[PDB]
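Trainee: Please see the structure below; I have some questions.
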Amino acid sequence: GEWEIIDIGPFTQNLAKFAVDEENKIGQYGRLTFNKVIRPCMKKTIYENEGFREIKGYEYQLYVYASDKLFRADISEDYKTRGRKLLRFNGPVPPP
């Protein structure tokens, strides 16, 4: 329910590589290789209680160049398990 912009350093690079790896498993456009993550990187924090504040998890929304094409990837991350899932991977999209 709450959003912020985060940096595009190693953490974000790694998330984008995760997205590329997960997309390559479903392979609905051949096999891709990670080039770069670009700004902006959005991080949504999902809370138990619009009001109350235990964090349930997150979503990251990234712009990722892979095999020279620009994609929008959304990744969920569960707060308790720390487990991540590729939610969607759409593109080519225009540059933000």
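Naming works like this for the structure tokens: A, B, ... for the chains as they're shown, residue 1 at the start of each chain, ligands 1 onward in shown order.
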Determine, counting only C-alpha atoms, which protein, DNA and RNA residues have an atom within 10 Å of an atom of residue 41 in chain A; residues of the same chain fewer than 5 positions away are not included. Present the result as a list in words.

Mentor: residues 4, 5, 6, 7, 8, 12, 60, 61, 62, 63 and 64 of chain A

Trainee: I need the residues from that last selection saved to file as a PDB file, in the first residue's frame (with C-alpha atoms), if you can.

Mentor:
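What follows is the written file part-v3.pdb:
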```
ATOM      1  CA  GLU A   4       9.173   4.398  -2.756  1.00  0.00           C
ATOM      2  CA  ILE A   5      11.948   4.801  -5.301  1.00  0.00           C
ATOM      3  CA  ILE A   6      15.079   2.716  -4.586  1.00  0.00           C
ATOM      4  CA  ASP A   7      18.641   2.745  -6.038  1.00  0.00           C
ATOM      5  CA  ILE A   8      19.713   0.628  -8.992  1.00  0.00           C
ATOM      6  CA  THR A  12      18.483  -4.214  -7.875  1.00  0.00           C
ATOM      7  CA  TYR A  60       9.617  -4.438  -6.966  1.00  0.00           C
ATOM      8  CA  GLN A  61       8.905  -2.964 -10.347  1.00  0.00           C
ATOM      9  CA  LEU A  62      11.966  -2.801 -12.550  1.00  0.00           C
ATOM     10  CA  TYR A  63      12.902  -1.739 -16.039  1.00  0.00           C
ATOM     11  CA  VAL A  64      15.422  -4.307 -17.300  1.00  0.00           C
TER      12      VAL A  64
END
```

Trainee: Please identify which residues in chain A DSSP calls helix (DSSP H, G or I) from the backbone, and express them as a PyMOL selection string.

Mentor: chain A and resi 10-26

Trainee: Closest to residue 1 in chain A among A:34, A:47, A:18, A:29, using only C-alpha atoms?

Mentor: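 When distances to residue 1 in chain A are compared using only C-alpha atoms, the smallest one comes from A:47.
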
Trainee: Show which residues sit within 7 Å of residue 89 in chain A, as a VMD selection string. Count only C-alpha atoms, and ignore same-chain residues fewer than 2 positions away.

Mentor: chain A and resid 71 to 74 91

Trainee: How would the residues just picked look written out with N, CA, C and O atoms as a PDB file, in the first residue's frame?

Mentor:
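Everything below was put into result_4.pdb:
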```
ATOM      1  N   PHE A  71      12.242  -4.338 -20.822  1.00  0.00           N
ATOM      2  CA  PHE A  71      11.102  -5.032 -20.266  1.00  0.00           C
ATOM      3  C   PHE A  71      10.737  -4.419 -18.944  1.00  0.00           C
ATOM      4  O   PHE A  71      11.606  -3.858 -18.272  1.00  0.00           O
ATOM      5  N   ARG A  72       9.467  -4.557 -18.567  1.00  0.00           N
ATOM      6  CA  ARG A  72       9.031  -4.250 -17.205  1.00  0.00           C
ATOM      7  C   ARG A  72       8.805  -5.542 -16.448  1.00  0.00           C
ATOM      8  O   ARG A  72       7.986  -6.343 -16.870  1.00  0.00           O
ATOM      9  N   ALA A  73       9.537  -5.755 -15.346  1.00  0.00           N
ATOM     10  CA  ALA A  73       9.399  -6.950 -14.548  1.00  0.00           C
ATOM     11  C   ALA A  73       8.868  -6.559 -13.178  1.00  0.00           C
ATOM     12  O   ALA A  73       9.306  -5.571 -12.570  1.00  0.00           O
ATOM     13  N   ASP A  74       7.909  -7.317 -12.684  1.00  0.00           N
ATOM     14  CA  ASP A  74       7.447  -7.127 -11.301  1.00  0.00           C
ATOM     15  C   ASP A  74       7.785  -8.400 -10.522  1.00  0.00           C
ATOM     16  O   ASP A  74       7.511  -9.523 -11.000  1.00  0.00           O
ATOM     17  N   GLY A  91       6.973  -6.640 -22.301  1.00  0.00           N
ATOM     18  CA  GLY A  91       7.798  -5.799 -23.160  1.00  0.00           C
ATOM     19  C   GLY A  91       7.956  -6.368 -24.547  1.00  0.00           C
ATOM     20  O   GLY A  91       7.372  -7.401 -24.845  1.00  0.00           O
TER      21      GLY A  91
END
```

Trainee: Mind checking which residues fall within 10 Å of residue 31 in chain A, counting only C-alpha atoms, ignoring those fewer than 6 positions away in the same chain, and posting them as a PyMOL selection string?

Mentor: chain A and resi 20-21+23-25+66-67

Trainee: Excluding same-chain residues fewer than 2 positions from residue 45 in chain A, what lies within 7 Å of it counting only C-alpha atoms, as a ChimeraX atom specification?

Mentor: /A:1-3,43,47,55,57-59

Trainee: Excluding same-chain residues fewer than 4 positions from residue 86 in chain A, what lies within 7 Å of it counting only C-alpha atoms, as a list in words?

Mentor: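 In the requested form, the answer reads residues 19, 22, 74, 75 and 76 of chain A.
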
Trainee: Any chance you could export the current selection's C-alpha atoms as a JSON list (two decimals), in the first residue's frame?

Mentor:
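The resulting file, again.json, is shown below:
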```
[["chain", "number", "residue", "atom", "x", "y", "z"],
["A", 19, "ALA", "CA", 13.55, -11.82, -13.18],
["A", 22, "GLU", "CA", 12.61, -16.85, -14.01],
["A", 74, "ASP", "CA", 7.45, -7.13, -11.30],
["A", 75, "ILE", "CA", 8.84, -9.35, -8.50],
["A", 76, "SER", "CA", 7.07, -10.25, -5.22]]
```

Trainee: Nearest to residue 56 in chain A: which of A:68, A:44, A:38, A:80 is it, counting only C-alpha atoms?

Mentor: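 Residue with the minimum atom-to-atom distance to residue 56 in chain A: A:80.
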
Trainee: Let's see if you can do this: from backbone DSSP, list all strand (DSSP E or B) residues in chain A, as a PyMOL selection string.

Mentor: chain A and resi 2-6+34-49+52-66+69-78+84-90

Trainee: Record the distance separating CA of residue 65 in chain A and CA of residue 17 in chain A, expressed in Å with one decimal.

Mentor: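 Answer for the CA of residue 65 in chain A to CA of residue 17 in chain A separation: 10.3 Å.
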
Trainee: What is the distance between CA of residue 88 in chain A and CA of residue 16 in chain A, in Å to one decimal?

Mentor: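 These atoms are spaced 12.0 Å apart.
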
Trainee: May I ask for the distance between CA of residue 82 in chain A and CA of residue 36 in chain A, given in Å to one decimal place?

Mentor: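 A separation of 23.7 Å between them.
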
Trainee: Between A:32, A:26, A:81, A:37, which one has atoms that come closest to residue 11 in chain A, using only C-alpha atoms?

Mentor: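 Using only C-alpha atoms, residue 11 in chain A sits closest to A:37.
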